[PDB]
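Engineer: I am attaching a structure below and will ask some questions about it afterwards.
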Amino acid sequence: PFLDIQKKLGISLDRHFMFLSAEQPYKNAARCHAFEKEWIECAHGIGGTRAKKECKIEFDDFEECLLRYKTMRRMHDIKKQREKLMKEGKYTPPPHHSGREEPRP
Amino acid sequence: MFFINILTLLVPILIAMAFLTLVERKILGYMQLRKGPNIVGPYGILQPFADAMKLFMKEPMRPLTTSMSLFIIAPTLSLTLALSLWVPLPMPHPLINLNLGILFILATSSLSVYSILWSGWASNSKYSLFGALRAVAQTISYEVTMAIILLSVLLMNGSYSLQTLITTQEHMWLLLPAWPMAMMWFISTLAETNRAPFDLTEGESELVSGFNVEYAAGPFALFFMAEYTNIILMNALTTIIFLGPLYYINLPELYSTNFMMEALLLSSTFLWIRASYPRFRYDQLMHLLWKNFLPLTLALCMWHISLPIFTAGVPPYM
Amino acid sequence: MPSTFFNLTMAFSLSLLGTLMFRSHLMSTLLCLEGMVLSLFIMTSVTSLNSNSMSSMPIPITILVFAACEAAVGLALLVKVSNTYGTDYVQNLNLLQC
Amino acid sequence: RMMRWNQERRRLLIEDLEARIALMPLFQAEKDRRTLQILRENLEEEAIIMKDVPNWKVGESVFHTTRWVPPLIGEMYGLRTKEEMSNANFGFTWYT
Amino acid sequence: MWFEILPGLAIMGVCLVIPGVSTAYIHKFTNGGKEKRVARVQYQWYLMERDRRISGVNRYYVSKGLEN
Amino acid sequence: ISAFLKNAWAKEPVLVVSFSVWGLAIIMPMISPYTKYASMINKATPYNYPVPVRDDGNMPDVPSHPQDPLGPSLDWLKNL
Amino acid sequence: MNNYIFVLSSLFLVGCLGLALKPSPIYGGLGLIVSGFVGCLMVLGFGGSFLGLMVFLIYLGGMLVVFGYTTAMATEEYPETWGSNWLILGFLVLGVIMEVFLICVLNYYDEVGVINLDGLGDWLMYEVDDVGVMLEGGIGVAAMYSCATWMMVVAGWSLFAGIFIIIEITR
Amino acid sequence: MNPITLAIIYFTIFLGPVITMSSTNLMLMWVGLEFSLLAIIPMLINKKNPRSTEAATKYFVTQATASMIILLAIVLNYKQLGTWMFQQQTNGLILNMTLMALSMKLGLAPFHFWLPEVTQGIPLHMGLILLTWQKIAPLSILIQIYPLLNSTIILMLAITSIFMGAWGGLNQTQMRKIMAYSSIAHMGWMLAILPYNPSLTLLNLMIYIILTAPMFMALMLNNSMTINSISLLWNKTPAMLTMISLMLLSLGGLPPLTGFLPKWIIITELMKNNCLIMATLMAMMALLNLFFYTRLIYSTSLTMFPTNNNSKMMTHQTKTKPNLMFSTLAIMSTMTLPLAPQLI
Amino acid sequence: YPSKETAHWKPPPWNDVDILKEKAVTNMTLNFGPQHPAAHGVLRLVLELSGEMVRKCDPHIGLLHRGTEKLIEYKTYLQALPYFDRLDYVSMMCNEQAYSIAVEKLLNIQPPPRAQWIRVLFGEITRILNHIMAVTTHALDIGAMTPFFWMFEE
Amino acid sequence: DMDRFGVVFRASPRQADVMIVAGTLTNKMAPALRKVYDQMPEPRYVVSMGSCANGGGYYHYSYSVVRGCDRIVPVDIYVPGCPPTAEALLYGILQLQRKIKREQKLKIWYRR
Amino acid sequence: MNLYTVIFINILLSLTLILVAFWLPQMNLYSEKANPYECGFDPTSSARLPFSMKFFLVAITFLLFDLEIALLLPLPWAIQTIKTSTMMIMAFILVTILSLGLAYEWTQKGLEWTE
Ligand SMILES: C/C=C(\C)[C@H](O)[C@H](C)/C=C(C)/C=C\C/C(C)=C/Cc1[nH]c(OC)c(OC)c(=O)c1C
Ligand code: SF4
């Protein structure tokens, strides 16, 4: 920060709930805990300009966990192809996806 | 079968409203050294139906200065909220089991104000607007105390669920721990619902029937039965919270019966109070309910925060 | 979720467009500010519930607190404006140019 | 009296929670193998669906990492019906 | 006289008693000799979804026991 | 000042009760011995799974089983 | 019921749009109330009860004061409803139509990534904890009393000092 | 105002920015900005006249929107990255919206239209605080995120602030607006270099404060608010013309005075990055910033204007107002260039 | 620098206090009319309101003006007596007592002891009538309605 | 007691089914009476009560009196007296009840 | 959907009831019955004019106290934390601060109305 009075005195008024992997009230993990932890543990000691390209894989995995865009694309593609095939009459959905399965437990 | 449940929850409440009107008139009569209705039925058990039918045969008033949209929509909202408030009520097993029932009640009532407050504006007239602003003042007065009272009371229950109060009161009532909170809750239920001595919105001698002076027919009837439904609701809330009846898992109808008894007692108490006292002033109500009730309310909230701790009586989260 | 976040951001933008593009009254501007507050609240709350970040859930209550204090002082200024000019209009406030 | 009663309630709660603790493992095991079953079913269907499109790995990931990333209610229950999708959401939120 | 108020009070009471006993018995009738389940936390919902999927019929209130 | 409080108990007894109850709420937690069992009871509640621990071979005080002698005996919560 | 959340979001957009067109503060407050209701409903749809209930309560208690004020200050002889102005009615209709056309446009230039009409309701809750307890909203807010006690003091100071500010502005 | 209220309000004013500095959460940052907002309005509206009501309403309504926009930026960052800090790999639209709202908070052009109005609508104090202390936290936001800002609008806004402040102060007979346009120009000089060694931004800030505070005191000593009122100073308190002259000629940056150091070193660090013609334009409009200061100091120190008959009463009586800090701040300005390497 | 637009611009005041057309005090007006149940019979009572508190009261009576005095001028002294019963219509016997006393004074005649005694008796009965009336109607207005029904039996 | 019969007052004329002209009607108070009768929503009835309202009464020949509410509102039932005993007004109210009992409206509608 | 159903049922009850109230009866409309009441006589002005409110400060502080309620209301969950001292002190501070503000307003005559 501008005036690191917290680091001066060792207190944490606000710098302990800065992100997701940070002390949820009872120990319930937020989603992308692992991804954010890994990104942050890569980007430590480094600052900025070097972390933005030496810790890019981990940030990209985090971004896909949180915003989760490529899985939307993947399922949308699978669904679109399925609808095309069912319209053409090529695909035949099974019982365990039409609503008739043997429940496991 | 859920729709049959809706029936068994809704139609008897409406008959209860209708006969509460009769009970009000007759109790006020006998307190006033007279007999109320005893003509139209054997002992006047048809006057409510007569009033309803006659009100729905009268021509409604659509004035010229009015805003017809809010005008027609306000009684709708009034009755809808009065009738949705009965939904989570555990008597003992509710129709809709919510985890934040008291917040549902609070928000529903704070929205029920807007029926008065939009009908008064839409009905373009003076006494109408007077009633609306008096409703604003009334709500400003009572809402804070209602919330903090209810907080302090449930601070020994452990949740906002209404059904947990039954187990909180398995061996005792919450009236002996909190009779002061119960007093103030009662008088805030009396300020809510616009019931005497805190009427101050249809104050026939100050205003000429505020927020209903331009309403004649079934709309006015809707406002009427909304009021007389909220009365029974608030008595039901007081007797679920403080006057906890006996659950007895094998005998739940016992809970329902004792609930009936206590709710009737507290409603008759509302009517009694109408008959006994004169009306407050809507600034004297503020002075009362800020300068006497809110200090003691905050002090007793501090007390009820301390009390689970220094007694090792912190309740459970389910 | 992306749909509703888009819609909520467009709602914020509409309320911002509103409070920028003035009309005669000022109360309407204050209400547009309240609407922006509300959309921001819902965005924060939905992000927190999605991510299951119960550590950030104290943020929207703070938003409501400070926004209501903002509304309070705005309404007090409105009381003063009416006591001066009488009619709430923002066109009467045109004497600091000179 | 309230003190003593809430004292007992905080013990009945201990009992209930301890039962929950004792039965967490069975539910966890069954949850695991059920999720894995559903994912294998999705995969065995995606294979026959997208057998024809030019460049498509059927069990491909969206992550550079290799560790277990638990799925979510849309990947799972994606190819399934609308009732299952609308009970995953809106199932607890809309009480029984 | 004051006992001429008890008719209206009686209708009122018979009408206020029904919403409770009716809800209780409807719950017992649909769910079957059982109180309607409360699911205040996700764990209870998990238990009920489980018991649904155990039944063979999509009903959480059959209570399969030690016959399995 | 005793006379002042004597006057205030007659005129304006609502604020006297309020200040009394405020000070009582602040002072009584300092007094009781039961005040400390509250945190202990809130701690005892197992909302989350007690995750087991690997036997390093140097965990004597840690039990090998639920109903062993070791660990925090919750009998202080019984017969409190 | 898969388009539930999208309908709620669209209704909220329309409420805030009719707000931004600025009729008298009566109908503006009506719009605030309806939009806060819708906000509560979607916050519940995403698994949050407390936050929605509190938006509803706060905005109701606020629009009460707005009514009390606008009857005194922001009142005219003719309060200018939405229909009062042909131009406002036209911009309202045009705004609905424009947002509909915009949604149908961005559902084309990107198959998915901003809006998914095709898969709608499939991406709401994102990894619920199917087995859980002591997990609702309210624990996180109650952390204002433990592990986030600076939010509590700073908010309390805002309110406290706001009282003095009110008195001074009004005096 | 009773003392309890003054304690509360000045504590809040002091704690707004202090929370803004000593906070890593952007949301507590926003909280501090809102304390600065809330607590200023009582003392703006203290004298209770239409001018004060208008000033307070304009301030409030302009700052609320900027606050909401900053909160939007923060919430969009939280959605994007699940954190409460503007990292790298954020969206330039978020960062630029933050910059726009912060410029509206400061008073930069083309968001400058409210500052001279508001400043004229309020006393000399509450112009000092508004122009000095309220600028410090909004600047702290930018200083904390300087390697993330786009180096294009950051400079267009600076250039617009320079030009418009110069041109506006060219024709203002009112002094409370001259100070405002000076603020606009100096914030322009700051914001231009803020992506380039932000230590110099704080340098210009400190220099600007040290120049403006004693100038406001000078105006306070006789409640001078006009060229004609400051011109009647060769009779009332004529021992101040020396310091007023040197302070104005430091504000309009002339070399031997330390008010040229910030412009000089800014031009240095801008020519070290091939930002040449922008610096040329800025340096050439600072001259017009100097012109009206020169006109003013003609009017008050070099070409003594007519006075009145009733100004002899002021000569009979005595004064106590110079707080002993006017001297220190006026002499540490105007005479501290040879110590510039220790300032940088 | 004098533009065309800044030509009408006037320099501000020295104390930052502009002279204004102080807004007219447009108090609100209300007919607390005759149908109103608190209007004790017929009473227009135009009153001005700055909210819900009264800045001016102008009672426009004239709604039970018949012309009793002119009709009395046209009637005899006995024919005119029931007008006095009908003037104050909750204290009837006292009004006719006053009229009777006046006509007796004009006649230089006194009534006997028994008549005077029953006259004062019924005068005090009228006092109890009107005091019941006043007290209980005042209470009705204020909100307390049971004294009315308790005392109207008496 | 009137509430025994279902006859309770309401202050607003729009929540009212009947008006009882219990007093003297003056030239200054007649517009108000007619405004009130108008504002009453139909079905609506009028009871003239007392000689001063049936006819002009004891103030028939005066300059400020209308010589009957017949000229301003249509009266359904006339109650005589100065004053009429409340016994008598009650008789007249029950006579108005009997009048309502024989309205035969839907009958004639069917016979249109 | 149970709750949605209950509310729709109540809604439709109210609307059917209003439909009956409007389209069942008979109508005889004319301008002298559809104009505002004002007790027999005519209004001297419109009701859409300023109604000076004399408790506005009380309204604003009610808003702030509403926020205080919103801050106090998480306590039933705050009590099942392990600390039970920080929450105690912080709730004490919040309530005491609110009471101090109420006392300042009271003494400065903010709860009194603007005569
Ligand atoms: C539960 C029942 C209720 C609340 C009813 O409203 C009450 C019981 C009935 C009333 C009030 C009857 C008649 C109305 C009326 C407006 C009379 C005129 C009047 N009123 C007076 O005083 C009040 C007088 O005072 C001397 C009068 O001279 C005159 C002429
Ligand atoms: S009692 Fe006689 S004088 Fe009085 S109003 Fe009736 S008829 Fe007229």
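Residue numbering restarts at 1 for every chain of the structure tokens, chains are lettered A, B, ... in their displayed order, and ligands are numbered from 1 as they appear.
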Go through chain F and collect every residue that DSSP, computed from the backbone, puts in helix (DSSP H, G or I); the answer should be as a PyMOL selection string.

Structural biologist: chain F and resi 2-10+13-31+34-44+74-76

Engineer: Please write out the residues within 8 Å of ligand 2 as JSON, numbers by chain, counting only C-alpha atoms and all ligand atoms.

Structural biologist: {"I": [83, 86, 89], "J": [22, 23, 24, 49, 50, 51, 52, 53, 57, 58, 59, 80, 81, 82, 83, 84]}

Engineer: Could I get the residue neighbourhood of ligand 1 at 10 Å, counting only C-alpha atoms and all ligand atoms, as a ChimeraX atom specification?

Structural biologist: /B:25,28-29,32,204-205,275 /I:34-42,64,88-91,130-131,133-141,143-146,148-149 /J:2-3,7-11,20,22-24

Engineer: Select, as a VMD selection string, those residues of chain D with any atom no more than 9 Å from chain A (distances computed using only C-alpha atoms).

Structural biologist: chain D and resid 30 33 to 34 37 41 45 to 46 48 to 50 61 to 65 69 74 to 75 77 to 81 83 to 84

Engineer: Give as an MDAnalysis selection string every residue of chain I that touches chain H within 10 Å, counting only C-alpha atoms.

Structural biologist: chainID I and resid 1:2 11:12 14:20

Engineer: Suppose we keep C-alpha atoms; can you now write the selection as a PDB file, in the first residue's frame?

Structural biologist:
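File produced: result_1.pdb:
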ATOM      1  CA  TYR I   1     -13.708  40.042 -20.597  1.00  0.00           C
ATOM      2  CA  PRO I   2     -17.180  41.163 -21.752  1.00  0.00           C
ATOM      3  CA  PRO I  11     -20.683  40.489  -9.668  1.00  0.00           C
ATOM      4  CA  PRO I  12     -21.412  38.379  -6.606  1.00  0.00           C
ATOM      5  CA  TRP I  14     -19.187  40.441  -0.727  1.00  0.00           C
ATOM      6  CA  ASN I  15     -20.566  38.252   2.078  1.00  0.00           C
ATOM      7  CA  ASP I  16     -21.729  35.485  -0.303  1.00  0.00           C
ATOM      8  CA  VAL I  17     -25.365  36.233   0.571  1.00  0.00           C
ATOM      9  CA  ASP I  18     -27.600  37.009  -2.398  1.00  0.00           C
ATOM     10  CA  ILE I  19     -30.840  38.945  -2.091  1.00  0.00           C
ATOM     11  CA  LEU I  20     -33.775  36.752  -3.106  1.00  0.00           C
TER      12      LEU I  20
END

Engineer: List every residue of chain K that has an atom at most 9 Å from any atom of chain D, and for each one report the closest atom pair and its distance in Å to one decimal, counting only C-alpha atoms, with rows sorted by chain and then by increasing residue number, as JSON lines.

Structural biologist:
{"residue": "K:1", "atom": "CA", "partner": "D:94", "partner_atom": "CA", "distance": 6.8}
{"residue": "K:2", "atom": "CA", "partner": "D:94", "partner_atom": "CA", "distance": 8.2}
{"residue": "K:3", "atom": "CA", "partner": "D:94", "partner_atom": "CA", "distance": 8.6}

Engineer: With only C-alpha atoms considered, list every residue of chain K at most 7 Å from chain B, as a PDB file with N, CA and C atoms, in the first residue's frame.

Structural biologist:
ATOM      1  N   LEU K   3     -44.321 -21.942  -2.468  1.00  0.00           N
ATOM      2  CA  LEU K   3     -44.507 -20.575  -2.003  1.00  0.00           C
ATOM      3  C   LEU K   3     -45.004 -19.684  -3.131  1.00  0.00           C
ATOM      4  N   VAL K   6     -48.672 -20.423  -3.411  1.00  0.00           N
ATOM      5  CA  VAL K   6     -49.485 -19.771  -2.389  1.00  0.00           C
ATOM      6  C   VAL K   6     -49.676 -18.300  -2.724  1.00  0.00           C
ATOM      7  N   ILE K   7     -48.607 -17.641  -3.160  1.00  0.00           N
ATOM      8  CA  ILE K   7     -48.706 -16.216  -3.434  1.00  0.00           C
ATOM      9  C   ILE K   7     -49.546 -15.963  -4.676  1.00  0.00           C
ATOM     10  N   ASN K  10     -53.182 -16.239  -3.618  1.00  0.00           N
ATOM     11  CA  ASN K  10     -53.664 -15.042  -2.936  1.00  0.00           C
ATOM     12  C   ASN K  10     -53.842 -13.877  -3.908  1.00  0.00           C
ATOM     13  N   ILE K  11     -52.892 -13.716  -4.831  1.00  0.00           N
ATOM     14  CA  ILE K  11     -52.982 -12.693  -5.871  1.00  0.00           C
ATOM     15  C   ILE K  11     -54.279 -12.845  -6.653  1.00  0.00           C
ATOM     16  N   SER K  14     -57.403 -11.899  -4.776  1.00  0.00           N
ATOM     17  CA  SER K  14     -57.594 -10.455  -4.719  1.00  0.00           C
ATOM     18  C   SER K  14     -58.078  -9.889  -6.051  1.00  0.00           C
ATOM     19  N   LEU K  15     -57.508 -10.356  -7.163  1.00  0.00           N
ATOM     20  CA  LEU K  15     -57.886  -9.788  -8.454  1.00  0.00           C
ATOM     21  C   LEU K  15     -59.284 -10.223  -8.873  1.00  0.00           C
ATOM     22  N   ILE K  18     -61.651  -8.063  -6.935  1.00  0.00           N
ATOM     23  CA  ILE K  18     -61.800  -6.713  -7.469  1.00  0.00           C
ATOM     24  C   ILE K  18     -62.609  -6.724  -8.763  1.00  0.00           C
ATOM     25  N   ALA K  21     -66.083  -6.901  -7.719  1.00  0.00           N
ATOM     26  CA  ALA K  21     -66.508  -5.637  -7.133  1.00  0.00           C
ATOM     27  C   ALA K  21     -66.791  -4.583  -8.189  1.00  0.00           C
ATOM     28  N   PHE K  22     -66.111  -4.651  -9.329  1.00  0.00           N
ATOM     29  CA  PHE K  22     -66.270  -3.624 -10.351  1.00  0.00           C
ATOM     30  C   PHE K  22     -67.320  -3.961 -11.402  1.00  0.00           C
ATOM     31  N   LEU K  24     -69.731  -6.571 -11.266  1.00  0.00           N
ATOM     32  CA  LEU K  24     -71.008  -7.045 -10.754  1.00  0.00           C
ATOM     33  C   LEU K  24     -71.992  -5.899 -10.518  1.00  0.00           C
ATOM     34  N   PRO K  25     -71.608  -4.801  -9.838  1.00  0.00           N
ATOM     35  CA  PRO K  25     -72.623  -3.812  -9.461  1.00  0.00           C
ATOM     36  C   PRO K  25     -73.135  -2.970 -10.609  1.00  0.00           C
ATOM     37  N   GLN K  26     -73.960  -1.989 -10.264  1.00  0.00           N
ATOM     38  CA  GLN K  26     -74.469  -0.994 -11.190  1.00  0.00           C
ATOM     39  C   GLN K  26     -73.711   0.309 -11.003  1.00  0.00           C
ATOM     40  N   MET K  27     -73.711   1.114 -12.057  1.00  0.00           N
ATOM     41  CA  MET K  27     -72.963   2.358 -12.112  1.00  0.00           C
ATOM     42  C   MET K  27     -73.891   3.495 -12.502  1.00  0.00           C
ATOM     43  N   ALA K  34     -67.693  12.014  -8.414  1.00  0.00           N
ATOM     44  CA  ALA K  34     -66.353  11.525  -8.678  1.00  0.00           C
ATOM     45  C   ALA K  34     -65.275  12.537  -8.318  1.00  0.00           C
ATOM     46  N   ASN K  35     -65.637  13.641  -7.667  1.00  0.00           N
ATOM     47  CA  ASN K  35     -64.707  14.704  -7.326  1.00  0.00           C
ATOM     48  C   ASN K  35     -64.411  14.664  -5.832  1.00  0.00           C
ATOM     49  N   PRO K  36     -63.243  15.150  -5.403  1.00  0.00           N
ATOM     50  CA  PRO K  36     -62.756  14.809  -4.064  1.00  0.00           C
ATOM     51  C   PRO K  36     -63.636  15.352  -2.951  1.00  0.00           C
ATOM     52  N   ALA K  47     -54.376  18.579  -3.836  1.00  0.00           N
ATOM     53  CA  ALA K  47     -53.685  17.778  -2.843  1.00  0.00           C
ATOM     54  C   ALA K  47     -52.305  17.342  -3.295  1.00  0.00           C
ATOM     55  N   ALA K  59     -36.874  10.892  10.411  1.00  0.00           N
ATOM     56  CA  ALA K  59     -36.878   9.940   9.309  1.00  0.00           C
ATOM     57  C   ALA K  59     -35.464   9.511   8.929  1.00  0.00           C
ATOM     58  N   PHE K  62     -33.983   7.388  11.459  1.00  0.00           N
ATOM     59  CA  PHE K  62     -34.590   6.066  11.376  1.00  0.00           C
ATOM     60  C   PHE K  62     -33.895   5.227  10.323  1.00  0.00           C
ATOM     61  N   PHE K  65     -30.654   4.033  11.872  1.00  0.00           N
ATOM     62  CA  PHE K  65     -30.946   2.978  12.833  1.00  0.00           C
ATOM     63  C   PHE K  65     -31.372   1.688  12.142  1.00  0.00           C
ATOM     64  N   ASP K  66     -32.004   1.789  10.973  1.00  0.00           N
ATOM     65  CA  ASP K  66     -32.315   0.598  10.192  1.00  0.00           C
ATOM     66  C   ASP K  66     -31.040  -0.118   9.783  1.00  0.00           C
ATOM     67  N   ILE K  69     -29.769  -1.967  12.710  1.00  0.00           N
ATOM     68  CA  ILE K  69     -30.467  -3.245  12.811  1.00  0.00           C
ATOM     69  C   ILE K  69     -29.813  -4.263  11.894  1.00  0.00           C
ATOM     70  N   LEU K  73     -28.215  -7.796  13.329  1.00  0.00           N
ATOM     71  CA  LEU K  73     -29.001  -8.982  13.046  1.00  0.00           C
ATOM     72  C   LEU K  73     -28.199 -10.267  12.810  1.00  0.00           C
ATOM     73  N   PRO K  76     -27.171 -14.017  16.038  1.00  0.00           N
ATOM     74  CA  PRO K  76     -27.425 -15.442  16.300  1.00  0.00           C
ATOM     75  C   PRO K  76     -26.421 -16.381  15.670  1.00  0.00           C
ATOM     76  N   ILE K  79     -22.739 -15.808  17.535  1.00  0.00           N
ATOM     77  CA  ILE K  79     -22.566 -16.360  18.873  1.00  0.00           C
ATOM     78  C   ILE K  79     -22.016 -17.779  18.859  1.00  0.00           C
ATOM     79  N   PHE K  92     -21.286  -4.623  21.988  1.00  0.00           N
ATOM     80  CA  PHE K  92     -21.336  -3.588  23.012  1.00  0.00           C
ATOM     81  C   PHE K  92     -21.012  -2.224  22.429  1.00  0.00           C
ATOM     82  N   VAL K  95     -23.882  -0.965  19.960  1.00  0.00           N
ATOM     83  CA  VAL K  95     -25.085  -0.520  20.649  1.00  0.00           C
ATOM     84  C   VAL K  95     -24.818   0.755  21.435  1.00  0.00           C
TER      85      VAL K  95
END

Engineer: Please determine the contact residues of chain D with respect to chain G at a cut-off of 10 Å, counting only C-alpha atoms, and supply them as number ranges by chain.

Structural biologist: D: 17, 20, 24, 27-28, 31, 70-78, 82-83, 85-86, 88-90, 92-94

Engineer: Residues of chain K that have any atom at most 6 Å from an atom of chain F: could you tabulate them with the shortest-distance atom pair and the distance in Å to one decimal, using only C-alpha atoms, ordered by chain and increasing number, as CSV?

Structural biologist:
residue,atom,partner,partner_atom,distance
K:80,CA,F:42,CA,5.4
K:82,CA,F:39,CA,4.9
K:83,CA,F:39,CA,5.9
K:84,CA,F:39,CA,5.9

Engineer: Could you go through stretch 12-145 of chain I and tell me which residues DSSP, when run on the backbone, assigns to strand (DSSP E), listing them as a list in words?

Structural biologist: residues 28, 29, 30, 31, 46, 47, 48, 49, 54, 55, 56, 57 and 58 of chain I

Engineer: Would you kindly return, as a PyMOL selection string, each protein, DNA or RNA residue with an atom no farther than 7 Å from any atom of stretch 80-89 of chain C, considering only C-alpha atoms and excluding same-chain residues fewer than 5 positions away?

Structural biologist: (chain C and resi 24-26) or (chain G and resi 73-74) or (chain H and resi 50+53) or (chain I and resi 23)

Engineer: Find the residue from I:153, I:129, I:116, I:3 that sits nearest to chain J; use only C-alpha atoms when measuring.

Structural biologist: I:153

Engineer: Applying 12 Å and only C-alpha atoms, which residues near residue G:63 remain after dropping the ones on its own chain fewer than 2 positions away? List them as an MDAnalysis selection string.

Structural biologist: (chainID B and resid 110:111 113:114 117:118 136 139:140) or (chainID C and resid 27:28 30:31 34:35 68 71:72 75) or (chainID G and resid 25:34 36 55:61 65:71) or (chainID K and resid 59:60 63)

Engineer: Using only C-alpha atoms, select each residue of chain J with any atom at most 12 Å away from an atom of chain K, and give the selection as a PDB file with C-alpha atoms, in the first residue's frame.

Structural biologist:
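Output file part.pdb is given in full below:
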ATOM      1  CA  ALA J  11     -67.904   9.113   8.674  1.00  0.00           C
ATOM      2  CA  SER J  12     -67.171   9.107   4.961  1.00  0.00           C
ATOM      3  CA  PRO J  13     -70.172   9.321   2.613  1.00  0.00           C
ATOM      4  CA  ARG J  14     -68.605   6.787   0.265  1.00  0.00           C
ATOM      5  CA  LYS J  28     -75.795  27.985   3.368  1.00  0.00           C
ATOM      6  CA  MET J  29     -75.609  24.227   4.077  1.00  0.00           C
ATOM      7  CA  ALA J  30     -77.623  22.871   1.132  1.00  0.00           C
ATOM      8  CA  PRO J  31     -74.787  22.661  -1.433  1.00  0.00           C
ATOM      9  CA  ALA J  32     -72.828  20.606   1.078  1.00  0.00           C
ATOM     10  CA  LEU J  33     -75.770  18.275   1.617  1.00  0.00           C
ATOM     11  CA  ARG J  34     -76.144  17.766  -2.113  1.00  0.00           C
ATOM     12  CA  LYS J  35     -72.418  17.212  -2.622  1.00  0.00           C
ATOM     13  CA  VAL J  36     -72.571  14.582   0.105  1.00  0.00           C
ATOM     14  CA  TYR J  37     -75.667  12.866  -1.299  1.00  0.00           C
ATOM     15  CA  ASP J  38     -74.015  12.861  -4.710  1.00  0.00           C
ATOM     16  CA  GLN J  39     -70.756  11.411  -3.396  1.00  0.00           C
ATOM     17  CA  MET J  40     -72.703   8.614  -1.747  1.00  0.00           C
ATOM     18  CA  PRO J  41     -72.504   5.579  -4.058  1.00  0.00           C
ATOM     19  CA  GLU J  42     -75.716   4.081  -5.302  1.00  0.00           C
ATOM     20  CA  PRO J  43     -77.742   2.191  -3.920  1.00  0.00           C
ATOM     21  CA  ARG J  44     -78.437   5.016  -1.471  1.00  0.00           C
ATOM     22  CA  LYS J 105     -85.243  -4.956  -9.319  1.00  0.00           C
ATOM     23  CA  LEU J 106     -83.986  -8.172 -10.905  1.00  0.00           C
TER      24      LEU J 106
END
